[PDB]
Structure formats: C-alpha cells, structure tokens
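J.: experimental structure and sequence below.
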Amino acid sequence: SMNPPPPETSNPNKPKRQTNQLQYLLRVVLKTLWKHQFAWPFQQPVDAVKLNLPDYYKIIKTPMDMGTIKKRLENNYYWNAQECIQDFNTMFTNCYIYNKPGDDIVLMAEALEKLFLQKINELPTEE
Ligand SMILES: Cc1nnc2n1-c1sccc1C(c1ccccc1)=NC2
C-alpha cells in the first residue's frame, strides 16, 4: 500500500501575507479545534496504509488535515483567510464524502465543524 505525497506546506515562489484574519485563524480557530477531544484523527494526513483504507486516495483527490493547516499557518503559507477557510472546509467535506452517515469519524468532524463555524462567524474585519 502507498500514501500520496502530503499537501504542500512550503513554496518560496508563492506570495505570502501575515494578516489579522490569518492570525485569528491560527490563534482562535486552529487552536480551538486542535485541543478538542475529537481532534486526533485530523491532526495529520490520513495514513491509508496504517489505517487499512486502500480506497481512501482513490476517492479523495484533494486531501487536507489540520497538521497541514497548522504548518501552513505557522509558516505563513497563505495570502488570505479564504484560502485557509477553504482548507478547513475541504478537510470536513473529505470526511463526509469518504465515510458513512453516523460513523464515529463523521460525528467527530461534525463536532469540530460546529466550533469552526462559531469561530469563523466572528472573523475580524481586516486591519
Ligand atoms: C480523518 C479521517 N477521515 N476518515 C477517516 N479518518 C481517520 S484518520 C484516523 C482515523 C480515521 C477514522 C476513524 C474511525 C473511527 C474513529 C476515529 C477515526 N476513520 C477514517
């Protein structure tokens, strides 16, 4: 079995910013989800080999996880908040696409997504 390369977290060619919205996404959004009891499956890329999910990367073509998002935020990979918000939404969507309704992992994603939505609702205006 084989995992794909992880998503990109470093690209010197890509223009970068450190904006107050992106700071909020790290300090509030990421940190809130990261510390949650259901965070652990989402803290690194899905290891399809160890988890014995040989069809995972057949179905999921835009993988994303909070480990990757954490690296992107801490290493200032983004230009804007929308990019990062999209990464979170990709992460949740992948979970719902791959798994069955009511599965434990789906319930975990739903709990994290509820908090995500609560925090993004108060994304500060640009300074
Ligand atoms: C993320 C993600 N998206 N789909 C899956 N996962 C992961 S990544 C580590 C375990 C799981 C699990 C899982 C299953 C039951 C309880 C906790 C995690 N299911 C497969």
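T.: Received, thanks. Numbers count the residues shown, from 1 in each chain.
J.: may I see the buried residues of stretch 45-62?
T.: Judged by neighbour count using 16 or more other C-beta atoms under 10 Å, the buried positions of stretch 45-62 are 45-46, 48, 53, 56-57, 60. For the C-beta atoms, the positions are set from N, CA and C on the backbone; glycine is no exception.
J.: tell me which two in those are the farthest apart.
T.: 45 and 53 (11.9 Å; C-beta to C-beta).
J.: what's the burial count for the nearest residue to residue 28 once chain neighbours are set aside?
T.: Counting by C-beta to C-beta, 6 or more residues apart in numbering, residue 119 is the residue found nearest to residue 28 once chain neighbours are left out, at 5.4 Å. A count of nearby residues for residue 119, using other C-beta atoms under 10 Å, gives 18.
J.: next: residue 87.
T.: 21.
J.: how much space separates it from residue 102?
T.: 25 Å (C-beta to C-beta, to the nearest Å).
J.: run through who's touching stretch 2-19.
T.: With C-beta atoms under 8 Å, 6 or more residues apart in numbering as the test, stretch 2-19 has contacts from 45-49, 57, 63-65, 68, 71-72, 75-81, 126-127.
J.: near the ligand too, which of those?
T.: residue 46 (C-beta under 6 Å from any ligand atom).
J.: of the contacts of stretch 2-19, which belong to helices?
T.: Mapping the contacts of stretch 2-19 onto helices (DSSP state H) picks out 57, 68, 71-72, 81.
J.: what subset of the residues you listed is buried?
T.: For these, buried by 16+ other C-beta under 10 Å: 57, 68, 71-72, 81.
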